[PDB]
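Encoded as structure tokens, the following chain is the form deposited without the named molecule, with no partner shown.
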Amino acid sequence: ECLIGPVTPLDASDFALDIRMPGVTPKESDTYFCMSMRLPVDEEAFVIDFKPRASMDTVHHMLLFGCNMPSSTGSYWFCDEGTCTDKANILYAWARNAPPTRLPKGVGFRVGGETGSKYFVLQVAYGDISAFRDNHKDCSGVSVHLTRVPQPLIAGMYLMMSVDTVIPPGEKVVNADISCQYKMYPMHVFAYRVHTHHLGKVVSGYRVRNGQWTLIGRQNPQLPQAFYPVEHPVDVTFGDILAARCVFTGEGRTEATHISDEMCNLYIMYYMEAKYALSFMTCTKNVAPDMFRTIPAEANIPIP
């Protein structure tokens, strides 16, 4: 359980990093705790594997981000305060009773160097815990496999977030549409995660190419928000449009909710050939709203 060393070298090029809560005593149900772990190398390195070290009963949710400024410098903190004060580049999400996302063979996230993130920030959410267990420190976390051997495919995140959108009170279905033109080298989408708050019914993401929608994925965002795998990975390519839709319900809500708060985020996890690769992309617009008249019917079907 509690108390390998922080850094464990493996061959010339490889090392393991144990990212572990420093003996925390979670009081209270659904409390999100955070710790940072600086990268031991200044040079470019590649995260090529992950291994959860989650306590069985206590832990329901773990996230790992890549970023440059962690919100606290303390040995741990509460992620209510924040994760990183800058852009938090998400790398790994784990839920209990969830298919954990596993990097395809030659894929790694690019960290360190001038570009890449310097810190990992770990986020561990605990269940109901409860009972008469205050005499218990927890060291939950995850081990990361890093190497300085350059990888031929580089993983990254395409984040789609809604910003315009107002949820009127009482309307049973409200749609939040997001769309950008893709204008880079090809990316290959292998997983997705969806974030909303209370009112999300379902989030869906698509590549649209010559007016044909291909599914990237869809999920009820009230399920655990891990990275779900893509059945067959989707190449997204120059002149494709990425388009997302969230269905909210303002049933019972007392007044207008904006995006008292709500979010629609789609995390699209991809790989790109190392030379043309980018670690991060974003859409926060709906350039092609007219298009959504076309959207497959399956995108408005609830996932209860």
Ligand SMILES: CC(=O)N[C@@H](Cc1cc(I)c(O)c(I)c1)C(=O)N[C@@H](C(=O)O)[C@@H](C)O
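All residue numbers are counted from 1 along the displayed sequence.
Keep in mind that the form deposited with the named molecule bound is missing from the display, and what follows is about it.
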The named molecule contact in the deposited bound form: residue 71, any heavy atom under 4.5 Å: no
Heavy atom to heavy atom, is residue 130 within 4.5 Å of the named molecule in the deposited bound form? no
Against the named molecule in the deposited bound form, would residue 10 count as a contact residue? Criterion: heavy atoms within 4.5 Å. yes
Evaluate residue 230 for contact with the named molecule in the deposited bound form, applying a 4.5 angstroms cut-off between non-hydrogen atoms, and reply yes or no. no
Quick one: in the deposited bound form, does every one of 96, 167 and 201 get a heavy atom within 4.5 Å of the named molecule? no
What stretch, of 144-152, 216-224, 131-139, 169-177, brings heavy atoms to within 4.5 Å of the named molecule in the deposited bound form? 144-152
Single option in 295, 24, 283, 16 placed near the named molecule in the deposited bound form, where near means a heavy atom within 4.5 Å: 16
